[PDB]
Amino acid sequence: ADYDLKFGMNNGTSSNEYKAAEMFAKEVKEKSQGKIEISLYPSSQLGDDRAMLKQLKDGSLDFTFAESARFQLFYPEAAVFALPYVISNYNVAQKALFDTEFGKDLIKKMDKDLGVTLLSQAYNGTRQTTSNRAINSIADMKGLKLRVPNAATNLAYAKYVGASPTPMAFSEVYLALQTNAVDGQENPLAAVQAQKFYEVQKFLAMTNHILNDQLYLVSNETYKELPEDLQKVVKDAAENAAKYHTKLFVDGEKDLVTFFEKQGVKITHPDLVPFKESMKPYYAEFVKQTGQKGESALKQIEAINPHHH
C-alpha cells in the first residue's frame, strides 16, 4: 500500500484490545480507499509497551497502546493515574486526562517530548487479583508471591498490601503461574480471560485496585506524513474504535465472573477497607517524591465527581 503501517501491542489475538485494533485497521483501510494498510503485531513481538513507545518516538513503529499512567516514566506526577484506589472509575479517568490542566499539559508534552499524538482513549478494565490460594482478606496477601508488570505503581500495590512482588513481562506470566514460580497476578478480568490465566489460577479476588485506560497513539513521524484528509480518517477511526473498545470491556465486566465460575475458579470478595487504608503511606510517599506537581495532580483528580452528568 502507499502507507504500510504497523500497530504493536502486548495483548494477544484473543483480546478485546486486538479486536478493537482490527476494527480500527479495517475502517482505516476502507475509508482511505486502500491507501493505508495497518498490520498488527500482538503478543509483545516488538518488545513491551516501553519498547514500543520508543519505537513510536523514533518513527520505526506507527501505532501502539499505552495507559495514561505509563507516562509516569517521564513525568513522575503521572503516577496519579495508577495510585491504587485514587481514580474511582472510567468517568474520572476520562476527565482526569482531557478536562484537567494536568491532563491537558500531559497530552501536549507527549506530542513535544515523546513524539506521539494521542488519537483516542478507551477503558481497559479494572484490575483484580488472581492466585493459587484464596484471598479472603488482606491477611492472605502477606507473603503472596505476586507477579506485577514492570511499573512502579503496580509494584507499590503489591508492597503496601503486604505481598512479595515479582516484576516480569506480560508474556512470561502464564508460565510463571503454571509452574507456581509465583502465586498470583493482577490484571483486569478481560486479560485473565484472554491470556487464559483461569487455566492456571484457582482463585480470583475482587480487589478493584487500579483502573486502566488505553490510549491509541500514533508516531508523529508517521502522522505528519499523512495528508490532512488521511489524518482525519485515522483520527475518526481511532475514536470509533475506542468507543467499541470501551464497550467490550464494560460488557465483560458484567458477565466474566460467571464465565470464570463455569471454568472452576473460586471468586472472593475481601473487605477493601484495609486494602485502601494500606495505601495511605504510599500516597504520602508519592507526594514527598513528586512535590507540588504531584500534590496538584492529586487535587485536580480528587475534585472530579465520579457520577456521570
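When you see a residue number, it is the position in the sequence shown, counting from 1.
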Discussion item. Using only C-alpha atoms and the B-factors in the entry, which stretch averages higher, 249-257 or 35-43?
Written reply: 249-257
Worksheet item: Which is higher on average in the deposited entry, the C-alpha temperature factors of 109-117 or of 127-135?
Response: 109-117
Practice prompt. Just grab whichever of 218, 161, 191, 96 has the top CA B-factor as deposited.
Written response: 161
Worksheet item: Taking the values straight from the PDB record, which of 242, 28, 284, 53 has the highest C-alpha temperature factor?
Response: 284
Worksheet item: residue 67: which third of its chain by C-alpha temperature factor?
Response: lowest
Worksheet, complete the sentence: Chain-relative C-alpha B factor for residue 23 (record values, thirds): the middle
Practice prompt. Would you mind ranking residue 6 by its C-alpha B-factor against the rest of the chain and naming the third, lowest, middle or highest?
Written response: lowest
Item to complete: Name the third of the chain's ranked CA B-factors that contains residue 166, choosing lowest, middle or highest.
Response: highest
Discussion item. Split into thirds by Cα B-factor across the chain's modelled residues, where does residue 143 land: lowest, middle or highest?
Written reply: highest
